[PDB]
Structure formats: C-alpha cells, structure tokens
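Asks: Sharing an experimental structure here, sequence included.
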Amino acid sequence: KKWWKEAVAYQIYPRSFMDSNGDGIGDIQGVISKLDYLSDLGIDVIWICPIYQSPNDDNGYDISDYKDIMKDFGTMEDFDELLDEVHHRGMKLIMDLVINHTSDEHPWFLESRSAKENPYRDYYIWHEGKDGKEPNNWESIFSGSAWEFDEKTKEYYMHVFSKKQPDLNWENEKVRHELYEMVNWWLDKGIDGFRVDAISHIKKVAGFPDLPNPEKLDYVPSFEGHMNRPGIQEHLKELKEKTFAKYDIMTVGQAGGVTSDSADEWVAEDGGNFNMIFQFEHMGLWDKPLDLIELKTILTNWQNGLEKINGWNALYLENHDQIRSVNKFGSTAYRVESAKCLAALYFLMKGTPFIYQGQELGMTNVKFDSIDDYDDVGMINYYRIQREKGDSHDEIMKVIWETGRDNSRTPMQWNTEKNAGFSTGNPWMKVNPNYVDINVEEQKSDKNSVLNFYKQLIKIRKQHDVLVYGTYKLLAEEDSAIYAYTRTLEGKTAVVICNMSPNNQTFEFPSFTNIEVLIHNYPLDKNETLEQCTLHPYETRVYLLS
Ligand SMILES: OC[C@H]1O[C@H](O[C@H]2[C@H](O)[C@@H](O)[C@@H](O[C@H]3[C@H](O)[C@@H](O)[C@@H](O)O[C@@H]3CO)O[C@@H]2CO)[C@H](O)[C@@H](O)[C@@H]1O
Ligand SMILES: [Ca+2]
Ligand SMILES: [Ca+2]
C-alpha cells in the first residue's frame with residue numbers, strides 16, 4: 001500500500017563510509033563509488049547522515065549553512081551527482097534534517113549572540129542567570145550544563161547537545177518560517193524525504209523550571225524539561241502542513257519520549273506527524289544474560305500498538321548513536337551466527353527495516369587504548385567532566401568502551417588492504433583491527449557470510465507479501481531463550497524462530513498444506529523432525545506455511 005512500507009533502508013555515516021581522496025575522511029565521491037554495492041545488496045532507500053557545512057563539533061549535526069555541502073565531503077555538484085546516480089539506479093535518498101539546533105557558527109547565531117537588541121536574538125534560547133549561576137540545573141545530553149554563558153551580552157544560551165549546538169527557539173514564528181523555507185528548498189531538489197533529528201526536543205517547558213536534585217549533583221538529566229513536552233504537537237503539525245505534506249516523500253522522526261500506546265499523533269496514517277519514528281525503548285536494556293523476555297515485550301508492544309492505530313514501525317538495531325548489535329544483543333563468541341540471528345529477528349517484523357553500515361558484515365565494537373583515539377564530543381566531554389570530579393581514567397574508559405557510539409563510527413571494512421580499503425591515507429578514526437577477518441570482499445565470495453544472509457533476507461521480504469504486510473503475533477512468550485513470532489496474510493503464515501541464547505535449545509514447532517524454509521543460518525539436519533526443533537546457539541530459521 002506504500003512504497004516506503006515495502007522499502008529496505010540503508011544508513012550511511014559518510015565520514016566513515018569511503019574516502020576517495022586520501023585525507024582520511026569519507027566523502028560523497030566515495031559514496032558514489034560504492035553505489036553498486038548498495039544496489040547489489042537490494043537497498044531501496046539510502047539515509048545519509050548530515051552532509052551540510054559544519055564545524056563538525058558533533059560530526060555534521062552542528063550545521064552552519066543548511067544550503068551548502070560540508071567541505072570535507074565535497075560540493076553541491078558532488079551531491080547533485082550522488083542524487084542523480086542514486087535515482088538512475090532506482091534507489092531513493094533521504095537527508096538528515098537537523099532543526100532542533102544549529103552550529104554556534106551559523107550566521108543566525110553569530111547575529112543572535114552579538115546583542116540583546118539584534119533582530120536574531122530570539123532565534124535562540126537566551127536567559128539571565130540565577131543566583132550567580134545558570135538559569136537552572138539542567139544537564140546537557142553531552143554532560144555538563146545545558147547553558148553556556150555569553151560574556152558579551154551577559155546571558156546564557158541553552159544547548160541540549162554540545163556547547164557549539166545552541167537550540168533554536170521554536171516559539172519564534174520567524175524561526176519556524178525560515179526553517180520551513182529551507183526544508184522546502186531541499187525538497188524542491190527532488191530528494192525523497194528526511195530522517196528528522198532530535199525532533200522530540202523542540203518544545204521546552206516554559207520558564208525552564210529546575211528539576212529535582214536530591215543527590216546535589218552539579219546538574220541533573222533534563223529530559224523532563226525538553227523531551228516530548230506538551231505543546232510540541234502544535235509545532236510538528238505545522239511543520240508537516242507547511243513542508244512534508246506538499247511532497248510525495250517519506251519521513252522518519254527520531255523521537256525519544258514516545259511510548260507504544262501514545263504514538264498516534266506521531267505515526268498514525270490518519271493525521272500522524274511522520275510516516276514512522278525511531279523509538280529507543282529496545283536500546284536501553286543494560287544489565288547478566290540479555291533479558292530476552294523484556295526485549296520481546298518492548299518490540300511486541302510496538303508491533304501491536306502501531307497495528308491498532310494504522311501506524312508503521314521503523315525497524316532497527318544499529319545506528320551512529322549506538323554500539324554494535326552483535327555486542328549489544330548477540331555474542332562475540334558467536335559473531336557470525338548471532339549477527340544472522342539478530343538480522344532475521346529484527347528485519348522480519350512488520351515495519352520498514354533499516355540497515356546501518358557494517359551491520360550487514362557483523363562488524364563489532366572496538367577497544368582503543370587511548371582517549372586520544374576517540375572523537376565523540378559526548379564521550380570526550382564526559383571524560384573531561386568526570387575526570388575533573390575524580391573519576392579515574394580506567395573507570396571512564398570502561399563507560400566509553402562499553403557504551404560509546406564511536407563503536408559504530410570506525411571505517412567501513414571493504415577489504416584487507418590498508419585501512420580496510422576505506423582510505424589510502426590516515427583515517428579520521430582508526431579502523432577496527434578485525435577488518436582482516438571482517439570485510440566486504442571476503443563476505444561477497446563466501447556463501448555463508450553475514451552479507452549474503454542479509455542479501456537473502458532482503459530478497460525473501462521482497463518476494464513474499466506476508467513479510468511486508470502480514471500481521472505480527474508473538475509465540476512462546478515465556479521462553480527465555482527462543483524469540484519466535486509469526487507473520488500472517490490471507491493463506492500464508494511466516495514463522496520466524498530465533499534461538500537468542502549461546503546454548504543448544506529444543507523448541508516445539510507451533511501446531512498447513514505446504515511448508516518451505518526461506519532462510520537458515522545453520523546446515524539443516526536431515527534426521528531432524530519439524531515438530532521438535534533442535535536449535536544450535538543463535539540458530540535462526542524462517543518457515544513459510546500455506
Ligand atoms: O544532533 C544532536 C544529536 O541528536 C541525535 O541524537 C540524540 C537524540 O535526539 C536524543 O533524544 C538523545 O537520545 C537519548 C534518548 O532520548 C534516550 O532515550 C536514550 O536513548 O539516551 C539517549 C541519550 O544520548 O541523544 C541523542 C544523541 O546522544 C543524533 O542522532 C545524534 O547523532 C546527534 O549527536
Ligand atoms: Ca576524503
Ligand atoms: Ca539440530
């Protein structure tokens with residue numbers, strides 16, 4: 001019923017995808033050079049992370065010119081070539097729309113900060129201090145205060161994210177008008193839509209009241225002051241009417257603070273802000289084995305919850321903000337098996353699946369010895385803030401190694417040449433040493449590779465409508481090792497069975513005129529009875545019943 005429901009999306013982090021000119025930084029001509037790879041994978045939609053002019057304090061999410069390409073990545077002519085090549089391959093491109101905040105080097109902010117009476121002052125969020133300190137006790141998501149003092153005008157500006165990412169004032173009609181014009185300027189070029197960044201953060205609680213601080217911390221996590229706050233829907237409804245609704249595009253909103261039963265306004269077919277949202281509930285399961293049943297509960301709540309409102313799920317396990325999914329949800333002791341198990345698990349639920357670069361190879365976390373090898377502004381600021389407070393170097397590195405999103409930002413691993421073929425120079429972030437084992441070139445020619453498993457997943461989803469539009473139903477809910485579910489559409493039922501445990505397990509097949517195995521990550525045992533499945537660690541199978 002919709003092209004974006006049937007699509008499989010691939011997410012490119014361009015700084016780490018392909019360097020075409022030896023400076024160690026991925027670029028647009030690098031992306032163009034690998035479009036055959038994404039075509040051959042079977043990708044329908046490419047989401048490219050921000051490629052706009054940026055000082056790169058937050059690697060593109062701090063934008064200083066919305067209408068110019070980041071110099072590191074190329075020019076508008078390179079972008080025009082990329083879009084032309086993508087569209088001639090029958091693929092689509094969505095851009096990363098970043099309008100909660102700008103760079104502090106954006107011309108609007110350079111005007112805004114210059115004087116209280118500057119006409120751009122109210123484009124951002126300014127407030128006098130309180131009792132000689134910040135206007136309130138809110139913490140930035142990147143640690144430290146959510147307020148930065150301006151010596152010249154003697155006021156603080158708010159930044160939910162880095163000090164170089166001042167938040168835009170969405171209560172200002174002039175701001176909204178300029179943002180809508182710029183969105184439509186991009187849409188007029190014929191891009192196919194947007195992933196909408198941090199979009200849950202655009203409504204701040206008026207008066208910015210202090211939050212509880214019983215532990216007398218320096219600052220306190222401030223989501224209750226700015227994540228999905230009452231009043232946000234007025235802005236998002238206007239954004240949709242003034243921009244997205246005028247074009248045949250897809251939108252996926254990155255929307256924290258939305259629950260599976262309160263998602264109508266965000267994604268309902270009748271009146272939702274977006275076609276689909278990224279929600280974070282399944283990415284917050286920290287400890288000793290993974291709580292499989294809590295994962296079932298979360299994902300099933302979203303399957304059932306959006307089915308009731310005619311919404312649509314964005315399916316994912318990886319992106320540029322998370323650690324690698326083999327680490328987070330699988331096992332490094334069963335890297336290939338668990339990568340495939342996880343793939344079948346998340347990809348075949350009802351929704352639009354996203355593949356993050358390297359996920360299709362089973363890429364895993366890195367451990368660099370030195371803080372100087374890392375880049376993430378959030379984790380570097382965390383280091384500095386916590387080191388100042390007396391946290392030891394080793395305690396801080398443990399947090400960065402186990403939770404830091406730099407784990408997903410190491411160069412894409414193309415082959416076993418220098419830098420895994422990502423660059424002829426010195427990569428901006430070092431390649432994971434396991435590229436000698438994990439790389440596209442080796443996986444292409446190995447029928448058993450993670451890459452070719454993803455290829456077959458994409459193919460079976462395209463060829464069987466039940467895997468796109470079939471109703472989801474959780475099976476065997478209480479089983480602490482097996483995640484199993486069905487997809488049903490008329491006379492076809494797909495059964496997805498995943499042994500999400502590092503042990504052998506036995507599972508009773510749910511009890512058709514015909515049965516077919518669509519995909520499997522272990523050799524099939526001829527003597528095995530369908531009724532009593534003897535599953536190996538992280539074994540997955542997908543059956544098709546008529
Ligand atoms: O452009 C700044 C930043 O924005 C994007 O990521 C941010 C999310 O928008 C924001 O909601 C927050 O995510 C947190 C979730 O709300 C919370 O449920 C849980 O998942 O912890 C997260 C805290 O970090 O913060 C992220 C960034 O950390 C964008 O995708 C980022 O790349 C970008 O840096
Ligand atoms: Ca380059
Ligand atoms: Ca067996």
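Replies: It's in. Numbers count the residues shown, from 1 in each chain. Ligands and ions are numbered 1, 2, ... in the order given.
Asks: Name all residues that make contact with the closest residue to ligand 1 within the stretch 401-546 of the chain.
Replies: Across the stretch 401-546 of the chain, the shortest distance to ligand 1 (CB to the nearest ligand atom) belongs to residue 405, at 7.2 Å. Placement of C-beta: from N, CA and C, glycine included. Residues in contact with residue 405 (CB atoms under 8 Å, 6 or more residues apart in numbering) are 320, 321, 322, 323, 376, 378, 379.
Asks: can you do 10 Å?
Replies: Counting by CB atoms under 10 Å, 6 or more residues apart in numbering, residue 405 touches 319, 320, 321, 322, 323, 376, 378, 379.
Asks: Residue of the protein closest to ligand 3, please.
Replies: Residue of the chain nearest ligand 3, by CB to the ion: residue 534 (3.4 Å).
Asks: And the helix or strand containing that residue, what's buried?
Replies: Assigned by DSSP states H and E, residue 534 belongs to strand 532-535. Residues of strand 532-535 classed as buried: 533, 535 (neighbour count, 16 or more other CB atoms under 10 Å).
Asks: Which SSE is immediately downstream of it?
Replies: strand 540-545.
Asks: Say whether ligand 3 is contacted by that next one.
Replies: No - applying CB under 5 Å from the ion, one finds strand 540-545 out of contact with ligand 3, separated by at least 10.1 Å.
Asks: where along the stretch 51-200 of the chain do the helices fall?
Replies: 76-88, 107-112, 173-187 (DSSP state H, counting those that start in this stretch).
Asks: wait, which of those is closest to residue 527?
Replies: helix 76-88 (48.3 Å; CB to CB).
Asks: Any idea how far that closest one is from the middle of the chain?
Replies: Put simply, helix 76-88 sits 23 Å off its chain's centre (CA atoms, centre = their mean, to the nearest Å).
Asks: That one: which residues count as buried?
Replies: 78, 79, 81, 82, 83, 85, 86.
Asks: At the contact with ligand 1, which residues of the stretch 151-300 of the chain appear?
Replies: Contact residues, the stretch 151-300 of the chain versus ligand 1 (CB under 6 Å from any ligand atom): 161, 197, 198, 200, 227, 254, 256, 280, 283, 284.
Asks: Any of these buried? List them.
Replies: Looks like these have 161, 197, 198, 200, 227, 254, 256, 283 buried, using 16+ other CB under 10 Å.
Asks: Outline the domain layout of the protein.
Replies: As recorded under curated CATH domains, the domains making up the chain are 1-102+173-470, 103-172, 471-546.
Asks: Find the residue closest to the closest residue to ligand 1 within the stretch 351-500 of the chain in space, skipping its chain neighbours.
Replies: When scored by CB to the nearest ligand atom, the stretch 351-500 of the chain has residue 378 as its residue closest to ligand 1, at 5.9 Å. Once flanking residues are discounted, residue 378 sits nearest to residue 142: 4.2 Å by CB to CB, 6 or more residues apart in numbering.
Asks: Hmm, residue 321 and the one you found touching each other?
Replies: No - between residue 142 and residue 321 there is no contact, the gap being 11.9 Å when judged by CB atoms under 10 Å.
Asks: The domains of the chain into JSON lines, with extra columns for distance to ligand 2?
Replies: Putting these into JSON lines (distance: least, CB to the ion, whole Å) gives the following:
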{"stretch": "domain 1-102+173-470", "distance to ligand 2": "4"}
{"stretch": "domain 103-172", "distance to ligand 2": "21"}
{"stretch": "domain 471-546", "distance to ligand 2": "36"}
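Asks: Can you classify the residue of the stretch 351-500 of the chain closest to ligand 1 by secondary structure?
Replies: Following DSSP: H, G, I helix; E, B strand; the rest coil, residue 378 is assigned to helix.
Asks: And for residue 334?
Replies: helix.
Asks: next helix or strand past the longest helix seen in the chain?
Replies: Secondary structure of the chain per DSSP state H: the longest helix is helix 292-308. For helix 292-308, the following helix or strand on the C-terminal side (DSSP H and E) is strand 314-315.
Asks: That next one near ligand 1 at all?
Replies: No - using CB under 6 Å from any ligand atom, strand 314-315 stays clear of ligand 1, coming no nearer than 13.2 Å.
Asks: Setting aside sequence neighbours, what's the nearest residue to the residue most central in space within the chain?
Replies: Closest residue to the average C-alpha location of the chain: residue 319 at 3.6 Å, with CA atoms, centre = their mean. Nearest residue to residue 319, sequence neighbours excluded (CB to CB, 6+ apart): residue 356, at 5.2 Å.
Asks: Tell me which strands the strand holding residue 534 pairs with, and in which orientation.
Replies: strand 505-508 (antiparallel) (DSSP bridges).
Asks: follow-up on the earlier one: and for the strand holding residue 534, what are the contacting residues?
Replies: By CB under 10 Å, 6+ apart, strand 532-535 touches 341, 481-482, 484, 497-499, 501, 503-509, 522, 525, 527-528, 539, 541.
Asks: swap the cut-off to 8 Å and go again
Replies: 482, 497, 499, 504, 505, 506, 507, 508, 509, 525, 528, 541.
Asks: Buried subset of these, written for PyMOL?
Replies: A single PyMOL command selects the buried members of the contacts of strand 532-535 (16+ other CB under 10 Å):
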select buried, resi 482+497+499+505+507+509+541
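Asks: I'd like the contacts of strand 532-535 as a markdown table, with distance to residue 206 appended.
Replies: Formatted as a markdown table, those follow (distance: CB to CB, whole Å):
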| residue | distance to residue 206 |
| --- | --- |
| 482 | 49 |
| 497 | 51 |
| 499 | 51 |
| 504 | 58 |
| 505 | 54 |
| 506 | 58 |
| 507 | 54 |
| 508 | 56 |
| 509 | 57 |
| 525 | 64 |
| 528 | 63 |
| 541 | 54 |
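Asks: that older thread, right, and the residue nearest to residue 378 touches residue 385 too?
Replies: No - assessed by CB atoms under 8 Å, residue 142 is found out of contact with residue 385, at 9.4 Å.
Asks: Compare those two (neighbour count), which wins?
Replies: Neighbours per residue (other CB atoms under 10 Å) separate residue 142 from residue 385, with residue 142 holding more: 22 against 19.
Asks: who's in contact with the more buried one?
Replies: 161, 162, 377, 378, 381, 382.
Asks: Same check on residue 326?
Replies: Residue 326 neighbours (CB under 8 Å, 6+ apart): 332, 335, 338, 339, 342, 362, 363, 364.
Asks: helix/strand/coil for residue 483?
Replies: Looking at residue 483 with three-state DSSP, the answer is strand.
Asks: Phi, psi for the closest residue to it other than its chain neighbours please.
Replies: Nearest non-adjacent residue to residue 483, counting by CB to CB, 6+ apart: residue 498, 4.6 Å away. With angles defined as degrees, to the nearest 10, residue 498 sits at phi -130, psi 120.
Asks: Bridge partners for residue 498, pull those for me.
Replies: residue 483, residue 540.
Asks: Make sure it is actually in contact with residue 341.
Replies: Yes - shown here, residue 498 and residue 341 form a contact pair, counting by CB under 8 Å, at 5.1 Å.
Asks: Need the residues touching each of those two.
Replies: By CB under 8 Å, 6+ apart, the residues touching both residue 498 and residue 341 are 538, 539, 540.
Asks: thought the second one was touching residue 344?
Replies: In other words, residue 539. No - at 10.0 Å, residue 539 and residue 344 do not qualify as touching, with contact defined as CB under 8 Å.
Asks: Find the nearest non-adjacent residue to residue 484, please.
Replies: Counting by CB to CB, 6+ apart, the residue nearest residue 484 is residue 475, at 4.2 Å.
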